[PDB]
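This document opens with one chain alone, in C-alpha cells, the form deposited in one PDB entry.
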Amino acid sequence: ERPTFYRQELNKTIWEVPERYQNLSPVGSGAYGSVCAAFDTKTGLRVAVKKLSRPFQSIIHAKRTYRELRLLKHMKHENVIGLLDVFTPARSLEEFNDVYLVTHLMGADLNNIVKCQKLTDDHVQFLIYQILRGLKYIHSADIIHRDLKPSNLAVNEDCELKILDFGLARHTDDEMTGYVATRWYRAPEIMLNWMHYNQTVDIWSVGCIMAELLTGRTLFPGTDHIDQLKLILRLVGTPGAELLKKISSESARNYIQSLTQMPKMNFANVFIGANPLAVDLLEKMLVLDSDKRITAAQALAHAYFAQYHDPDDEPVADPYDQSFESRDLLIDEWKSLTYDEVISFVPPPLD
C-alpha cells in the first residue's frame, strides 16, 4: 500500500518523499512552495516535485491548495501540464499538513526559444497551434489561465509545447508595476479592470505571444499600466462608443474618453514580411472588445494552421465541477476535502 519515505533538508526546508524519487535538486521557490527536479525510478522520468508552503495556513490558502489539486488532477491533454503523482508523508487525516505535487520536468520555456533562436513561419505555426489546441481544452473546462506568457510555456527540442503555471508567488500590485514582463501579455480589460472578464483574456495573450515570435520583440513593453495602454491603443485604435458602454468602471471609461482618438494601424506595416495569414490571425486576436475576439476553437480552423489542424485530434475536457469556488468552508473542511483528493489519486498510464 503505502511506500517508504525518506527525509532530507534542502535550503532550510525538509523534504519527505517516497523512495522512488531520487537525486532531488532545488530549482526554485516562493511564498507558495519549493520545487526540486528529481528522477522517478519507477517510471524512468525526470520529474518536478513541488512542496506546498504551509498549504493550510489560512482559509484562503487551504482553498487555494484544494483548487490547484483539483485543477491538476483534471488536466489531461498533450499540450497541457498533468499530474504524475501527489503524495503526503501523513498516515491519517489527523496528521495531514504537507502536500507534494509531481509533474514532468520542464526545461526550456518559450522565452528561452525566442531569445536564443531564430524562428521560421512554420515554427510559429506549430508553436501557436499547440497553444491554441491546449487552450481550447482549458477553456472547455471553464478555466481561464489569466497569466499566459512565454515563461509559462514549456518547449522541448522538437518544439512540442505545454501550457502550465510556474508561478510560486503572490500576484501582487508591486509585481504588476513598472517595466515588467508580468504585465506585457495582459488583456487591457484585466489590466485596467474595465469589467468582468472572460476566456478571451488568454486569446489576447496569444496575440502578444504570436507577434513576439514573428518579430523577436515584445509587442507591448509598457513602462507602466498607462504607457502600455497607449502602446496598445496606438496599434489597435482607441475604442468606439459601443465598447465604452461595456466598460463598467465609470472612472476608467472617463479616462479613456480623455484620449485623442486614434485609428487601428495597418498590421502589414507593423509585422513587415509576415505571412499575410499570420497578419490576418493577429488582427482577429488583438481586438480591444473581448466580445469580438476569435476563440481558441475558432482560431484552430483558421487557414494559417492548415498544415497542423485536425478536427479529430483537438479534444475537449471532461465536465469540470467547480461548485466549490462558491462554498465558504473552514480550514479543516478544505483540508479534509484536499486529503480525499490526495488519497483518491490514480496515476496516469504510460503507453
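The term rigid core refers to the most C-alpha atoms you can superpose between the two forms while keeping them within 1.5 Å. Quick note: we count residues from 1 along the sequence shown, nothing fancier.
Across the other entries compared, at least a third leave residue 179 without coordinates even though the residues on each side are present. Figure legend: residue 139 is marked as modelled in all of the other comparable entries of the protein, none of which omit it, let alone a third. 29 to 37 and 282 to 290 differ in mean CA B-factor, and the higher of the two is recorded for 29 to 37. Comparing the deposited coordinates for 333 to 341 and 6 to 14, the stretch with the larger average C-alpha B-factor is 6 to 14. The PDB entry assigns the greatest CA B-factor among 135, 75, 113, 180 to 113.
Of the candidates 51, 70, 309, 61, it is 61 whose Cα B-factor is highest according to the PDB record. Ranked by C-alpha B-factor against the other modelled residues of its chain, residue 261 falls in the highest third. Residue 189: CA B factor in the middle third of modelled residues in this chain (values from the PDB entry). For residue 91, the recorded CA B-factor ranks within the highest third of the chain. Only modelled residues enter the ranking. Per the deposited record, the Cα B-factor of residue 174 falls in the highest third when ranked against the other modelled residues of its chain. Split the chain's modelled residues into thirds by C-alpha temperature factor. Residue 295 is in the lowest one.
Only in words, not in the display: the form deposited with a small molecule bound, which the text now covers.
In the entry with it bound, the small molecule lies farther than 4.5 Å from every heavy atom of residue 96.
At the 4.5 Å threshold, heavy atoms of residue 123 stay clear of the small molecule in the entry with it bound, well away from it. Taking the partner from elsewhere, residue 212 is found to have every heavy atom lying beyond 4.5 Å of the small molecule in the entry with it bound. Contact annotation for residue 219: none of its heavy atoms lies within 4.5 Å of the small molecule in the entry with it bound. Residues of just one listed stretch (186 to 194, 261 to 269, 124 to 132, 275 to 283) have heavy atoms within 4.5 Å of the small molecule in the entry with it bound: 186 to 194. With the partner omitted from this view, the residue of 161, 233, 114, 206 that lies near the small molecule in the entry with it bound is 233 [heavy atom within 4.5 Å]. A heavy atom within 4.5 Å of the small molecule in the entry with it bound is found for one listed residue only; from 119, 90, 256, 141, this is 256.
Core-based superposition between the shown form and the other one shows that, of 324, 32, 308, 320, only 32 has its Cα displaced by 2 Å or more. If you fit the rigid core between the shown form and the other one, you'll see the Cα of residue 11 move by 2 angstroms or more. After superposition on the rigid core, the Cα of residue 117 moves by 2 Å or more between the shown form and the other one.
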